[PDB]
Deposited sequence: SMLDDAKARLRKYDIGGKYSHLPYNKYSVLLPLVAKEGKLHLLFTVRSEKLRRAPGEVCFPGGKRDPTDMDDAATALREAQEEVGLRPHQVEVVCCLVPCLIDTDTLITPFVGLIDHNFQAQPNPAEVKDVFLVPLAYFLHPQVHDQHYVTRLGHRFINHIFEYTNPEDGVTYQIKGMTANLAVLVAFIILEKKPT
């Protein structure tokens, strides 16, 4: 099936815990895959304007590891719960993608999660101003804008609202799209 196909593809890129013990400042993100109308979508947040770190940007759910987290996956799930109300039984963490190095002293670990069909996001307004879905296929033929430096623009056909997606967030979205959708019969 579509969801089993996705999982089996994603597993071939799983690095596991290989890089998880290194002495970095640690941050995790969740890449939430949602099935809707026969197709895969990714879920994104718009960060609250009132935050000190990264106000108003399009990001995946995530945040800084804390002493309670058993591992880097736990960080990603804790933060998704706090931001959009995603509960543990509503998500299956399928793999850990390549981590991103930043600022010489920081390591960001991405996990891909399959989201239960009865989940409905409850944006927490102290953390997140908006939550929206983008079809995974979009990231193979995106609408690109040069700020000269590449930014994606996505317009939701439901309401005509446009979102800007860039940086690490846009890089990871393209990666997941290639993994899952490259070389498939139609």
Quickly check which stretches of the deposited sequence aren't in the model, judged by C-alpha, and list them in order.
148-157
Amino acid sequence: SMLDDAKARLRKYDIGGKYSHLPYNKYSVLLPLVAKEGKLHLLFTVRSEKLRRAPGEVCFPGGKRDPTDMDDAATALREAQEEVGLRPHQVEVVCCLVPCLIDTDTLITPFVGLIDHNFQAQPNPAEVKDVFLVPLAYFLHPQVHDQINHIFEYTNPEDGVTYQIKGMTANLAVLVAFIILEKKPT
From here on, numbers count along this sequence of modelled residues.
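The term rigid core refers to the most C-alpha atoms you can superpose between the two forms while keeping them within 1.5 Å.
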Root mean square C-alpha distance from this form after a core fit in 8 other deposited structures of this protein: higher for 134-142 or for 53-61?
53-61
Highest mean C-alpha temperature factor of the two stretches 52-60 and 29-37, which is it?
52-60
Do the C-alpha atoms of 96-104 or of 72-80 have the higher average B factor in the entry?
96-104
From the entry's CA B-factor values, the highest among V46, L133, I148, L136 is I148
Chain-relative C-alpha B factor for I15 (record values, thirds): the highest
Split the chain's modelled residues into thirds by Cα B-factor; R65 lands in the lowest
Using the B-factors in the PDB entry, rank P88's C-alpha atom against the chain and give the third, lowest, middle or highest.
highest
Quick one: classify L42 as lowest, middle or highest third of the chain based on its Cα B-factor.
lowest
